[PDB]
Every structure is written in structure tokens, then in C-alpha cells.
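Asks: Next comes the structure file data.pdb, holding PDB, C-alpha atoms.
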```pdb
ATOM      1  CA  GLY A   1     168.705 167.619 175.937  1.00  0.00           C
ATOM      2  CA  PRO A   2     166.112 165.960 178.216  1.00  0.00           C
ATOM      3  CA  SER A   3     162.529 167.227 177.929  1.00  0.00           C
ATOM      4  CA  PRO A   4     160.963 169.139 180.880  1.00  0.00           C
ATOM      5  CA  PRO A   5     158.121 166.889 182.155  1.00  0.00           C
ATOM      6  CA  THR A   6     154.827 168.767 182.421  1.00  0.00           C
ATOM      7  CA  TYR A   7     152.996 168.211 185.708  1.00  0.00           C
ATOM      8  CA  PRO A   8     149.188 168.719 185.620  1.00  0.00           C
ATOM      9  CA  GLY A   9     148.809 167.759 189.267  1.00  0.00           C
ATOM     10  CA  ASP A  10     148.217 164.842 191.619  1.00  0.00           C
ATOM     11  CA  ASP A  11     144.455 165.108 191.162  1.00  0.00           C
ATOM     12  CA  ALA A  12     145.068 164.652 187.442  1.00  0.00           C
ATOM     13  CA  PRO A  13     144.095 161.351 185.756  1.00  0.00           C
ATOM     14  CA  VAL A  14     146.591 158.589 186.433  1.00  0.00           C
ATOM     15  CA  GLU A  15     147.306 158.233 182.707  1.00  0.00           C
ATOM     16  CA  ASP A  16     148.730 161.756 182.810  1.00  0.00           C
ATOM     17  CA  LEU A  17     150.725 160.718 185.874  1.00  0.00           C
ATOM     18  CA  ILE A  18     151.962 157.650 183.986  1.00  0.00           C
ATOM     19  CA  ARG A  19     152.972 159.877 181.077  1.00  0.00           C
ATOM     20  CA  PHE A  20     154.899 162.052 183.523  1.00  0.00           C
ATOM     21  CA  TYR A  21     156.439 158.861 184.929  1.00  0.00           C
ATOM     22  CA  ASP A  22     157.744 157.856 181.497  1.00  0.00           C
ATOM     23  CA  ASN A  23     159.000 161.366 180.706  1.00  0.00           C
ATOM     24  CA  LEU A  24     160.675 161.680 184.117  1.00  0.00           C
ATOM     25  CA  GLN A  25     162.094 158.163 183.756  1.00  0.00           C
ATOM     26  CA  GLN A  26     163.670 159.212 180.454  1.00  0.00           C
ATOM     27  CA  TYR A  27     164.723 162.522 182.036  1.00  0.00           C
ATOM     28  CA  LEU A  28     166.590 160.684 184.803  1.00  0.00           C
ATOM     29  CA  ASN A  29     167.945 158.148 182.297  1.00  0.00           C
ATOM     30  CA  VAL A  30     169.615 161.153 180.684  1.00  0.00           C
ATOM     31  CA  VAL A  31     170.536 163.163 183.773  1.00  0.00           C
ATOM     32  CA  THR A  32     171.247 160.518 186.401  1.00  0.00           C
ATOM     33  CA  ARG A  33     172.887 158.125 183.943  1.00  0.00           C
ATOM     34  CA  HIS A  34     174.417 155.593 186.352  1.00  0.00           C
ATOM     35  CA  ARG A  35     174.430 158.250 189.073  1.00  0.00           C
ATOM     36  CA  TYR A  36     172.554 158.635 192.377  1.00  0.00           C
TER
ATOM     37  CA  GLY B   1     146.000 156.366 200.664  1.00  0.00           C
ATOM     38  CA  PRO B   2     148.868 157.280 198.298  1.00  0.00           C
ATOM     39  CA  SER B   3     150.741 160.508 199.053  1.00  0.00           C
ATOM     40  CA  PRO B   4     150.438 163.476 196.619  1.00  0.00           C
ATOM     41  CA  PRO B   5     153.955 163.942 195.147  1.00  0.00           C
ATOM     42  CA  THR B   6     155.166 167.532 195.467  1.00  0.00           C
ATOM     43  CA  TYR B   7     156.664 168.938 192.261  1.00  0.00           C
ATOM     44  CA  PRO B   8     159.190 171.802 192.702  1.00  0.00           C
ATOM     45  CA  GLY B   9     159.834 172.035 188.971  1.00  0.00           C
ATOM     46  CA  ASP B  10     162.023 170.726 186.159  1.00  0.00           C
ATOM     47  CA  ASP B  11     164.699 173.312 186.920  1.00  0.00           C
ATOM     48  CA  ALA B  12     164.816 171.886 190.433  1.00  0.00           C
ATOM     49  CA  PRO B  13     167.846 169.810 191.536  1.00  0.00           C
ATOM     50  CA  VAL B  14     167.742 166.275 190.189  1.00  0.00           C
ATOM     51  CA  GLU B  15     167.715 164.858 193.724  1.00  0.00           C
ATOM     52  CA  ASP B  16     164.319 166.509 194.184  1.00  0.00           C
ATOM     53  CA  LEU B  17     163.285 165.002 190.852  1.00  0.00           C
ATOM     54  CA  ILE B  18     164.515 161.600 192.047  1.00  0.00           C
ATOM     55  CA  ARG B  19     162.506 162.021 195.246  1.00  0.00           C
ATOM     56  CA  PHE B  20     159.452 162.792 193.121  1.00  0.00           C
ATOM     57  CA  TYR B  21     160.294 159.710 191.045  1.00  0.00           C
ATOM     58  CA  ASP B  22     160.228 157.482 194.130  1.00  0.00           C
ATOM     59  CA  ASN B  23     157.040 159.072 195.478  1.00  0.00           C
ATOM     60  CA  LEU B  24     155.327 158.824 192.083  1.00  0.00           C
ATOM     61  CA  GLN B  25     156.605 155.258 191.682  1.00  0.00           C
ATOM     62  CA  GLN B  26     154.972 154.375 195.004  1.00  0.00           C
ATOM     63  CA  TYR B  27     151.891 156.390 194.004  1.00  0.00           C
ATOM     64  CA  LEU B  28     151.498 154.329 190.823  1.00  0.00           C
ATOM     65  CA  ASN B  29     152.336 151.124 192.713  1.00  0.00           C
ATOM     66  CA  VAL B  30     149.228 151.921 194.744  1.00  0.00           C
ATOM     67  CA  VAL B  31     146.989 153.349 192.027  1.00  0.00           C
ATOM     68  CA  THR B  32     148.001 151.435 188.907  1.00  0.00           C
ATOM     69  CA  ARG B  33     148.522 148.156 190.763  1.00  0.00           C
ATOM     70  CA  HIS B  34     148.872 145.745 187.821  1.00  0.00           C
ATOM     71  CA  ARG B  35     146.909 148.174 185.653  1.00  0.00           C
ATOM     72  CA  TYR B  36     147.828 150.301 182.614  1.00  0.00           C
TER
END
```
Rewrite the structure from the file as C-alpha cells, please.

Replies:
Amino acid sequence: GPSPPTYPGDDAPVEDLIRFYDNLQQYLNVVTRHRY
Amino acid sequence: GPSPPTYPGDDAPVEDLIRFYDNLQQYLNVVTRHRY
């Protein structure tokens, strides 16, 4: 199962945003596997 | 200025997650321009 990406906010440090990016990228790699 | 990506949640429909992905991708394209 894909992990739920934790979102601290948009005011959060960009490294946290990057971490979310990677987690969401993996999340979509799982969910939207060759879809959308 | 980069737009603050709205996060409805991880239980939200994946199309909303994809939208966040694009907005966050653009956000990082602005912020982390050839950085991190």
C-alpha cells in the first residue's frame, strides 16, 4: 500500500515540500501506474 | 510568486492529488530552481 504523504504546509521549509514531492511521486507511481 | 498548493488530503481523489503534484512541481520549479 502507498504511504499517505504528510503535508506540513506551503509555508513549511522547501525540504519538507521536496520530501512530500518524493512521497507523492511514489504515491502516484503506485496509484496512477500508467494512468491519467 | 509561486502559488500555494491546496491539499485536500490523502483520502482525496487521485486527480486532486495529481493536481497538487503539478502545482507542487511548478512550485519547486520556481523555488528549488536547480537547487536541492

Asks: Evaluate the PyMOL selection byres ((chain A) within 9 of (chain B)) here and jot the selected residues down as a ChimeraX atom specification.

Replies: /A:3-7,9-11,14-15,17-18,21,24-25,28,31-32,36

Asks: Quote the spacing between CA of residue 16 in chain B and CA of residue 35 in chain A in Å to one decimal place.

Replies: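 The value is 14.0 Å.
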
Asks: For the atom pair CA of residue 2 in chain B and CA of residue 2 in chain A, what is the interatomic distance in Å to one decimal place?

Replies: 27.9 Å

Asks: What's the separation between CA of residue 22 in chain A and CA of residue 1 in chain B, in Å to one decimal place?

Replies: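 That distance, rounded to one decimal, is 22.5 Å.
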